[PDB]
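Colleague: Here you go, one structure.
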Amino acid sequence: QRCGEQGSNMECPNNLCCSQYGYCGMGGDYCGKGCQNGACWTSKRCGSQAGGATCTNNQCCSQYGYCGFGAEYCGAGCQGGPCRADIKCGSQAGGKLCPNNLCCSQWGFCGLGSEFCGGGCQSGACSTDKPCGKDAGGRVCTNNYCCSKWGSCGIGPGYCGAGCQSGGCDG
Amino acid sequence: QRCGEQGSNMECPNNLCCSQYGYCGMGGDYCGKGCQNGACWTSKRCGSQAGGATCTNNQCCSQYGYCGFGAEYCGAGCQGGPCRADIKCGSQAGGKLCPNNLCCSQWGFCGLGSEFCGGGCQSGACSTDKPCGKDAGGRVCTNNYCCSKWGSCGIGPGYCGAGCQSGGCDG
Amino acid sequence: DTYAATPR
């Protein structure tokens, strides 16, 4: 029920503003001073300008390094988030990965949905759930997900915890 | 702490799936069956096909009424989220509201950021904080936001509670 | 593009 730092960086629904206090709402108390995510009155910084930082809430990072939506952000120059240009990846783009866990399709484009995540998906949130590590010949994971104890890719206590075969383990 | 139904529709950072248990992570335990938001393996329905329901995580609602990112979801016939087309609103669209609290700019386009939410913002999360209520000749807020006892528009207990003047006041 | 049952 908490958002931002107080709620493990959780984001509010429907672009509600996460106040300084870790509560979702709308109006000055939430979006004004200290707003952590959502439609903050002051746009958070991103992309080169903030040295590669992502925008919260799938916002577009403009050519000037500001977070938002609309042509100004998502259009010409967009540096991240759901940009209007088609985003290339995988084998077709020198092995690049999609930002924010997007699935790299069999064709080499970044998205979400079964066309991207389904059979052939190369990296990110694939729905294919292909085995990793030991019982699958030292096969890591894309994105540095953790290869559980079952040679299963993911993130969370169960993949990064104890028995963690590869990637981003918890120690 | 929790996301989804368990955490007031709280969403996970970076497209992580919210499992049926209200926790954020990645893999088939979070994204598989019962996933609530983020990169779910089963895309939610939206738009006309699902009687106006909007996607979580600012995903695009395709022409076919499925949530996702990429050209098939945000391109032609996109019905919501950060569509590739400039989305019309406000006067320039007969008073229509932008979805998900987005700002309606002065020129009648939906977005987030100064250029949309600042000076001339018509509806949504404007940051101009124009006064409402008794002291502002009884103007009501757009979007059914609450007019607090002090003449400010927002959503939260300070706005919708004790002394709320108009909008979705608590009762 | 297929998997999971979509109504039609």
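FYI, nothing fancy with the structure tokens labels: chains A, B, ... in order, residues from 1 per chain, ligands from 1 as they appear.
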Which residues come within 9 Å of residue B:27, counting only C-alpha atoms, excluding same-chain residues fewer than 2 positions away, as a list in words?

Modeller: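 Result of the neighbour search: residues 125, 126, 127, 129, 145, 152, 153, 154, 155, 156 and 159 of chain A; 17, 25, 29, 30, 31 and 32 of chain B.
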
Colleague: Tell me which protein, DNA and RNA residues are within 9 Å of residue B:9, counting only C-alpha atoms, leaving out same-chain ones fewer than 3 positions away, and put them as a list in words.

Modeller: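 Listing them by chain and then by number gives residues 1, 12 and 13 of chain A; 2, 3, 4, 5, 6, 36 and 37 of chain B.
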
Colleague: Within 7 Å of chain C, which residues of chain A show up? Give each one with its shortest atom-to-atom distance in Å (one decimal) and the two atoms involved, counting only C-alpha atoms, rows by chain then rising residue number, as JSON lines.

Modeller:
```
{"residue": "A:114", "atom": "CA", "partner": "C:1", "partner_atom": "CA", "distance": 4.8}
{"residue": "A:115", "atom": "CA", "partner": "C:1", "partner_atom": "CA", "distance": 4.1}
{"residue": "A:118", "atom": "CA", "partner": "C:1", "partner_atom": "CA", "distance": 6.2}
```

Colleague: If you run DSSP on the backbone here, which positions in stretch 40-129 of chain B get alpha helix (DSSP H)? Please write them as a VMD selection string.

Modeller: chain B and resid 71 to 74 114 to 117

Colleague: Which residue is closest to chain A? Choose from B:162, B:78, B:141, B:110 and count only C-alpha atoms.

Modeller: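 For chain A, the nearest of the candidates is B:110.
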
Colleague: Name all residues at most 6 Å from stretch 66-76 of chain B (count only C-alpha atoms; drop same-chain ones fewer than 2 positions away) and give them as number ranges by chain.

Modeller: A: 111-113; B: 43-46, 55, 59-62, 64, 78, 83-84

Colleague: Quick one: write out the picked residues with N, CA and C atoms as a CSV table (one decimal), in the first residue's frame?

Modeller:
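This is the output file selection-v6.csv:
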```
chain,number,residue,atom,x,y,z
A,111,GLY,N,9.3,-5.3,-27.3
A,111,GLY,CA,7.8,-5.1,-27.0
A,111,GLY,C,7.4,-6.0,-25.8
A,112,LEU,N,6.2,-6.1,-25.5
A,112,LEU,CA,5.4,-6.8,-24.6
A,112,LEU,C,4.2,-7.4,-25.3
A,113,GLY,N,3.9,-8.7,-25.0
A,113,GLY,CA,2.8,-9.3,-25.7
A,113,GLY,C,3.3,-10.6,-26.3
B,43,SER,N,-1.6,-11.3,-21.4
B,43,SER,CA,-1.9,-9.9,-21.7
B,43,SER,C,-3.4,-9.7,-21.2
B,44,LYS,N,-3.6,-8.6,-20.5
B,44,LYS,CA,-4.9,-8.1,-20.1
B,44,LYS,C,-5.6,-7.6,-21.4
B,45,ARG,N,-6.9,-7.5,-21.3
B,45,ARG,CA,-7.8,-7.0,-22.4
B,45,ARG,C,-8.1,-5.5,-22.1
B,46,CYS,N,-8.4,-4.7,-23.1
B,46,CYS,CA,-8.6,-3.3,-22.7
B,46,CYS,C,-9.4,-2.7,-23.8
B,55,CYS,N,-5.0,-0.3,-19.7
B,55,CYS,CA,-3.9,-1.2,-19.3
B,55,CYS,C,-3.2,-0.7,-18.0
B,59,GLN,N,0.8,0.6,-20.5
B,59,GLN,CA,1.0,-0.2,-21.7
B,59,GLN,C,-0.1,0.4,-22.7
B,60,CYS,N,0.3,0.1,-23.9
B,60,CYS,CA,-0.6,0.4,-25.0
B,60,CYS,C,-1.7,-0.6,-25.2
B,61,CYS,N,-2.9,-0.2,-25.6
B,61,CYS,CA,-4.1,-0.9,-25.8
B,61,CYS,C,-4.2,-0.9,-27.4
B,62,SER,N,-4.0,-2.1,-27.9
B,62,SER,CA,-4.0,-2.4,-29.4
B,62,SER,C,-5.4,-2.2,-29.9
B,64,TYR,N,-7.0,-4.4,-31.3
B,64,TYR,CA,-7.7,-5.6,-30.9
B,64,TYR,C,-8.0,-5.7,-29.4
B,78,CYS,N,-4.2,2.1,-32.1
B,78,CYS,CA,-4.0,2.0,-30.6
B,78,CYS,C,-5.2,2.7,-30.0
B,83,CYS,N,0.2,5.7,-27.2
B,83,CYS,CA,0.0,5.5,-28.6
B,83,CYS,C,1.0,6.4,-29.4
B,84,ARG,N,1.2,6.0,-30.6
B,84,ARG,CA,2.1,6.6,-31.5
B,84,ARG,C,1.5,7.9,-32.1
```

Colleague: Work out how far atom CA of residue A:157 is from atom CA of residue A:35, in Å to one decimal.

Modeller: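 Computing the Euclidean distance for atom CA of residue A:35 and atom CA of residue A:157 yields 29.2 Å.
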
Colleague: Would you work out the distance separating atom CA of residue A:131 from atom CA of residue A:88, expressed in Å to one decimal?

Modeller: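 A separation of 25.0 Å between them.
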
Colleague: Have a look at B:10, B:85, B:98, B:132 and name the one nearest to chain A; count only C-alpha atoms.

Modeller: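 The answer is B:10, which sits nearest to chain A.
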
Colleague: Taking the backbone alone, and naming residues the way the document does, which bits of stretch 58-121 of chain A are strand (DSSP E or B) by DSSP, as an NGL selection string?

Modeller: :A and (60-61 or 66-69 or 80 or 88 or 90 or 96 or 103-104 or 109-112)

Colleague: In Å, rounded to a single decimal, give me how far atom CA of residue A:106 is from atom CA of residue A:148.

Modeller: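 Those two atoms sit 24.7 Å apart.
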
Colleague: Skip residue A:109 itself and residues of its chain fewer than 6 positions away, then list as a PyMOL selection string all residues within 12 Å of it, counting only C-alpha atoms.

Modeller: (chain A and resi 85-93+95-99+102-103+115-117+120-124) or (chain B and resi 69-72)
